[PDB]
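Trainee: following this: a sequence and the matching experimental structure.
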Amino acid sequence: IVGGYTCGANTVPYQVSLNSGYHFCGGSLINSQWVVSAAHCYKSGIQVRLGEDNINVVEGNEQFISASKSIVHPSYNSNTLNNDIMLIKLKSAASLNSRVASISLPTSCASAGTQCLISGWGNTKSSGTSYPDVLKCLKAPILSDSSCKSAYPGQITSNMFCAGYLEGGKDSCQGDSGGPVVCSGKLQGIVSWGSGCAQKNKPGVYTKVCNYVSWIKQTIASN
Ligand SMILES: NC(=[NH2+])c1ccc2[nH]c(-c3ccccc3O)nc2c1
Ligand SMILES: [Ca+2]
């Protein structure tokens with residue numbers, strides 16, 4: 001996250017870190033046994049880490065659970081990142097409390113202008129790298145589809161939305177992929193992609209979760 005602030009330990013209780021020997025993507029806990037992330041974050045041997053603040057120090061509220069199965073969206077296209085969403089089922093259910101809790105899926109899609117909270121352990125610099133050990137947060141608005149397609153001609157589909165600042169300086173970044181975009185207590189986006197990070201007129205692009213609620217609910221019900 002570039003231009004954000006330190007969230008504070010366990011104030012984003014649904015945030016998870018996907019680990020394969022190291023942190024490589026974020027995710028969101030939607031119920032005690034399922035996590036949603038970005039399809040481009042897929043790999044085998046994923047351990048899901050809940051209740052994390054500093055990912056290099058066991059501070060006491062962590063739950064490390066391995067995934068039993070991963071389901072990448074049937075129409076995921078890795079060249080265009082269209083339908084960049086995946087579900088991960090945990091081998092055992094997590095113990096939910098105030099520091100580890102699930103986030104609700106949306107009943108309606110959010111409109112441009114809505115302010116949301118984006119979080120993650122990704123790079124904090126636009127040029128150069130500095131990965132934080134503790135969770136960073138950014139409050140950003142969803143941009144209109146017109147501004148979004150204007151910033152990324154020929155690359156935005158109905159399954160994506162842009163959120164951020166056209167002026168630059170504040171954005172999610174590498175290492176934040178797969179994480180949450182929460183607006184009014186509902187999970188509306190998944191950090192997906194961007195051109196660089198926090199550059200002027202290049203806002204972040206997010207998977208539009210409201211378009212996958214039926215697929216998520218049906219998949220969970222049968223697996
Ligand atoms: N500017 C952004 N909003 C952004 C967000 C997540 C990203 N994730 C990545 C990324 C880069 C290389 C490999 C995997 C990634 O998720 N770039 C990213 C850029
Ligand atoms: Ca920790």
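Mentor: Now that the structure is in, tell me what you want to look at. Numbers count the residues shown, from 1 in each chain. Ligands and ions are numbered 1, 2, ... in the order given.
Trainee: show the contacting residues for the residue nearest to residue 63 when sequence neighbours are not counted.
Mentor: Spatially, and ignoring its direct neighbours in sequence, residue 63 is nearest to residue 50 (4.3 Å; C-beta to C-beta, 6 or more residues apart in numbering). Using the backbone N, CA and C atoms, a C-beta is placed for each residue, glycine as well. Residues in contact with residue 50 (C-beta atoms under 8 Å, 6 or more residues apart in numbering) are 16, 29, 62-65, 94, 100.
Trainee: nearest to residue 175 among those?
Mentor: Nearest to residue 175 among the contacts of residue 50, counting by C-beta to C-beta, is residue 16 at 13.7 Å.
Trainee: quick one: the helix or strand containing that closest one near ligand 1?
Mentor: Assigned by DSSP states H and E, residue 16 belongs to strand 15-19. No. Taking C-beta under 6 Å from any ligand atom as the criterion, strand 15-19 and ligand 1 are apart, separated by no less than 11.0 Å.
Trainee: same for the next helix or strand after that strand, what does it pack against?
Mentor: Going down the chain from strand 15-19, the next helix or strand is strand 23-31, by DSSP H and E. In terms of contacts (3 or more C-beta pairs under 8 Å, 6 or more residues apart in numbering; DSSP states H and E), strand 23-31 is packed against strand 15-19, strand 34-37, strand 47-50, strand 186-193, helix 213-221.
Trainee: ok, back up a step: any idea how far residue 221 is from the residue nearest to residue 63?
Mentor: 22 Å (C-beta to C-beta, to the nearest Å).
Trainee: rewinding a little: for the strand holding residue 16, packing partners?
Mentor: Strand 15-19 packs on strand 23-31, strand 34-37, strand 47-50, going by 3+ C-beta pairs under 8 Å, 6+ apart.
Trainee: strands paired with it, and their directions?
Mentor: strand 23-31 (antiparallel), strand 47-50 (antiparallel) (DSSP bridges).
Trainee: can you give me the angle the first one makes with helix 213-221?
Mentor: Put plainly, it is strand 23-31. Calculated by axes from the mean of the first three to the mean of the last three C-alpha atoms, to 10 degrees, strand 23-31 forms an angle of 90 degrees with helix 213-221.
Trainee: residues making contact with strand 23-31?
Mentor: Residues contacting strand 23-31 (C-beta under 8 Å, 6+ apart): 13-18, 35-38, 41, 43, 48-50, 55, 88, 94, 100-103, 105, 119-122, 175-180, 187, 190-191, 216, 220.
Trainee: redo that, cut-off 6 Å
Mentor: 14, 16-18, 35-37, 41, 55, 102-103, 120-121, 176-180, 187 (C-beta atoms under 6 Å, 6 or more residues apart in numbering).
Trainee: disregarding flanking residues, what is the spatial nearest neighbour of residue 28?
Mentor: residue 180 (4.3 Å).
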